[PDB]
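Asks: Sequence first, structure after, both from an experimental entry:
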Amino acid sequence: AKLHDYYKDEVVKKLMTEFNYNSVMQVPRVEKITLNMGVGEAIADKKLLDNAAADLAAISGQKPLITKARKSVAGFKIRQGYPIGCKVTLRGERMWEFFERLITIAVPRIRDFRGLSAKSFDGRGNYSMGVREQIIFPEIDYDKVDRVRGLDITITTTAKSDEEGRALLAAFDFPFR
Amino acid sequence: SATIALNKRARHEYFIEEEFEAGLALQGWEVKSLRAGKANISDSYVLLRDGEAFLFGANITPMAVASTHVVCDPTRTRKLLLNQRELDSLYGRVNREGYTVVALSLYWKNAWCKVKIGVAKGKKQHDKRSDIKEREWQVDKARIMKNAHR
Amino acid sequence: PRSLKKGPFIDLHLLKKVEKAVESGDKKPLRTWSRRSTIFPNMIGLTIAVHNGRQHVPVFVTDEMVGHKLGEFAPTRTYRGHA
Amino acid sequence: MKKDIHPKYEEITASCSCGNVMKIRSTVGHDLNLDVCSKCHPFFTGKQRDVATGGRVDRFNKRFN
RNA sequence: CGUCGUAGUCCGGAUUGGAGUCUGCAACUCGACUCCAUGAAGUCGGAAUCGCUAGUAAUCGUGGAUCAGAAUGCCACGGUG
RNA sequence: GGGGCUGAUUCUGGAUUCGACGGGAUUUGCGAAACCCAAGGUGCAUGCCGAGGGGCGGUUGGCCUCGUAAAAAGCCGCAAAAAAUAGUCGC
Ligand SMILES: [Mg+2]
Ligand SMILES: [Zn+2]
């Protein structure tokens, strides 16, 4: 929670002086961080889901929740109640820890990291964004993983717009372009 | 078993060199006729345009006219599904002097029709005589040897 | 190879052109038609469009090419795979 | 939190090639001793022009010019 | 005479980075020689198949023409046998 | 004019025709045609009337060139008319 409090002591002041607010509870706050990993190919091979869950636990110590299918689309040949992918959510201390670790080592990474996309807001400003594989984290071993398991991580916040989320991420030192 | 109309005359009429197990591409009302429906594979040969070695000679009888919108053409040029790796023989050793590749037979492979193709050439009525003479001569030599050695 | 005491084989004209480029301070490429000529250290920092018949291929000569021929950097055949 | 089902949680030193020392706690197990990080990446810590260069004179200008 | 002892071998000498040398105004495409360094493949090889009847098969080296150099190709020569 | 059985390689509700041929032409490096937007060079370039154009004529009028306006030259058609048939099979 070191970065948590260190940056929360300053984002409040900066946002309050910038957006012309009237209270401290109306500032955009980081509710949680939600990260899943689509392993939908596990229809024939269920071991892929287990490997993805192990990789996710190694990245952040927790137990991934298997989100079973609900509509069972024929296009992908899936049935409802079958393991398709796995998700996880981090709140508070875990959310801040994951945010710090993820941003710090993901800034120096695979391909011409000239910042990240500034148009990746989900309408309200919860900033879903994707990372290609799991070898990004030193948590995951380089030459021991069977495949690559990226992550579609959403920084679920309280932002009422996209510019407020951009300002909050820039204060949190996000790689914006 | 799963065999369908075959052209065994072309085996005697040509010198089969190599064979291809490539498949055939056909439209509706024809694959059902392959089960029953009087398909005939006579006068079968490839008609390479650029990479489109269609089988040209085949008469498959349409057994119904219940869909009276599409025009029926029993002499349609049927497309052929062959690997590009093995299609090099067909764009290669065909147009030297008289080389052809003809459809020897047609059968089923797990509800899918496979037409066997073969590279060959003509005989000019003098290779046929030599083949028949040798076929008879081996039999005659075996018979006379058996009779002599009792 | 050549005898150590004979010397390099830079062209009459190429030397004049590179001298013109180096005291004029121009960033435009200098096109050359010679292909068996050697390299001199004074061309470091210039763009040379060398001709092989197809295109004037550019060379941004580094400080790591003096003792060889400039033509090694520009092949003439066109092939990067059978298929 | 639940019982001992969640994996390892121990402090690890995030020492990079440059002079950065961190007290991260994660599950990698052994000490990190990692490599070039955000604090030494050309994204914003300088090197916006120093990403690639025209070689470096070594023993080439020797014995003849 | 010594030596090695049946082993990818002190066999096998190719590919590789660099070094000079012969050579012809110039060897990145494109020479050969050199020696230091990595030291590949290969361990008598299916169906088939070719050459030889005597100083010949088979092995060893040398010589000759082409040409500034660039022969496992070509033409010759003898020794063993 | 009526009923009845087949239009089903499963009569077994889950077929990569293995293959060529359309697909976001999903994907990884990359050439201004898989493209692309104010700085070192310092020359007479941008809108300017233009000039009718390669053997011949024409192009969205600024796709060629300039310096006081022009020869047009970078693409299409006239042109490059030879594209017309597995094999066996009258002389
Ligand atoms: Mg000569
Ligand atoms: Zn670092």
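Replies: Sure thing, it's come through. Numbering: from 1, shown residues only, chains lettered A, B, ... in the order given. Ligands and ions are numbered 1, 2, ... in the order given.

Asks: what sits against residue A:122?
Replies: Residues in contact with residue A:122 (Cβ atoms under 8 Å, 6 or more residues apart in numbering or on different chains) are A:128, A:154. (C-beta placed from N, C-alpha, C; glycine too.)

Asks: and residue B:115, how many neighbours?
Replies: Using other Cβ atoms under 10 Å in any protein chain shown, residue B:115 has 24 neighbouring residues.

Asks: Just give me how far stretch A:148-156 sits from the chain centre.
Replies: Offset of stretch A:148-156 from its chain centre (Cα atoms, centre = their mean, to the nearest Å): 5 Å.

Asks: Please apply the same query to stretch B:58-67.
Replies: From the chain centre to the centre of stretch B:58-67 is a distance of 21 Å (Cα atoms, centre = their mean).

Asks: now do stretch A:86-100
Replies: 8 Å.

Asks: where's the most centrally placed residue in chain D, which helix or strand?
Replies: When Cα atoms, centre = their mean is applied to chain D, the residue found nearest the centroid is residue D:36 (1.7 Å). Using DSSP states H and E, residue D:36 maps to neither a helix nor a strand.

Asks: Quick check: it touching residue D:15?
Replies: No. Look at residue D:36 against residue D:15 with Cβ atoms under 8 Å: they stay out of range, at 11.7 Å.

Asks: Give me the number of neighbouring residues for whatever residue of chain B ends up closest to RNA strand E.
Replies: Residue of chain B nearest RNA strand E, by Cβ to the nearest atom of the strand: residue B:18 (15.6 Å). Neighbourhood size, residue B:18 [other Cβ under 10 Å]: 12.

Asks: Same check on residue A:64?
Replies: Close neighbours of residue A:64, defined as other Cβ under 10 Å, add up to 21.

Asks: Confirm that residue B:128 lies within a helix, as I assumed.
Replies: Yes. Membership of residue B:128 in a helix is supported by DSSP: H, G, I helix; E, B strand; the rest coil.

Asks: Spit out the contact partners of it.
Replies: Contacts of residue B:128 by Cβ under 8 Å, 6+ apart are residue B:12.

Asks: how about 10 Å then?
Replies: The contact partners of residue B:128, by Cβ atoms under 10 Å, 6 or more residues apart in numbering or on different chains, come to B:12-13, B:122.

Asks: burial of residue B:146, as a residue count?
Replies: 9.

Asks: again, but for residue B:34
Replies: For residue B:34, the count of nearby residues is 18 (other Cβ under 10 Å).

Asks: isn't it right up against residue B:40?
Replies: No. Under the criterion of Cβ atoms under 10 Å, residue B:34 is not in contact with residue B:40, lying 11.2 Å apart.

Asks: any shared contact partners between these two?
Replies: Common neighbours of residue B:34 and residue B:40 (Cβ under 10 Å, 6+ apart) are B:5, B:60.

Asks: Nearest residue to residue B:11 in space, please, no chain neighbours.
Replies: Counting by Cβ to Cβ, 6 or more residues apart in numbering or on different chains, residue B:104 is the residue found nearest to residue B:11 once chain neighbours are left out, at 6.4 Å.

Asks: and the one you found, what element?
Replies: Secondary structure assignment for residue B:104, by DSSP H and E: strand B:100-108.

Asks: now check the helix or strand following that strand, is it near RNA strand F?
Replies: The element immediately downstream of strand B:100-108 (helix or strand, assigned by DSSP H and E) is strand B:113-120. Yes. On the criterion Cβ under 7 Å from any atom of the strand, strand B:113-120 is in touch with RNA strand F at B:113-114.

Asks: dump the residue contacts of the residue nearest to the centre of chain D.
Replies: Residue D:36 neighbours (Cβ under 10 Å, 6+ apart): A:108, D:16-18, D:20, D:42.

Asks: and what of residue B:17?
Replies: For residue B:17, the contacting residues are B:89, B:93, B:99, B:101, B:118-121, by Cβ under 10 Å, 6+ apart.

Asks: Check those against residue A:158 and report the nearest one.
Replies: residue B:89 (68.2 Å; Cβ to Cβ).

Asks: ok, that closest one touching residue B:46?
Replies: No. Using Cβ under 10 Å, residue B:89 makes no contact with residue B:46, being 11.2 Å away.

Asks: quick one, which of these two is more surrounded?
Replies: Legend: neighbour count by other Cβ under 10 Å for residue B:89 and residue B:46, higher for residue B:46 (21 against 16).

Asks: Now that one. Nearest residue, chain neighbours left out?
Replies: Excluding its sequence neighbours, the residue lying closest to residue B:46 (Cβ to Cβ, 6+ apart) is residue B:53, at 4.3 Å.

Asks: Chain B against chain C: which residues are in contact?
Replies: residue B:84 (Cβ under 10 Å from any Cβ of the partner chain).

Asks: from chain B, which residue is nearest to RNA strand F?
Replies: Going by Cβ to the nearest atom of the strand, RNA strand F is nearest to residue B:122 of chain B, at 2.4 Å.

Asks: For that residue, which residues are in contact?
Replies: Counting by Cβ under 10 Å, 6+ apart, residue B:122 touches B:13-15, B:97-100, B:128.

Asks: do you know how far the closest residue to residue A:65 other than its chain neighbours is from residue A:33?
Replies: Leaving aside its sequence neighbours, residue A:65 sits nearest to residue A:87 (Cβ to Cβ, 6+ apart; 5.6 Å). For residue A:87, the distance to residue A:33 (Cβ to Cβ, to the nearest Å) stands at 12 Å.

Asks: How about residue B:75?
Replies: The spacing between residue B:75 and residue A:33, counted by Cβ to Cβ, is 67 Å.

Asks: Kind regards, and thank you for your time.
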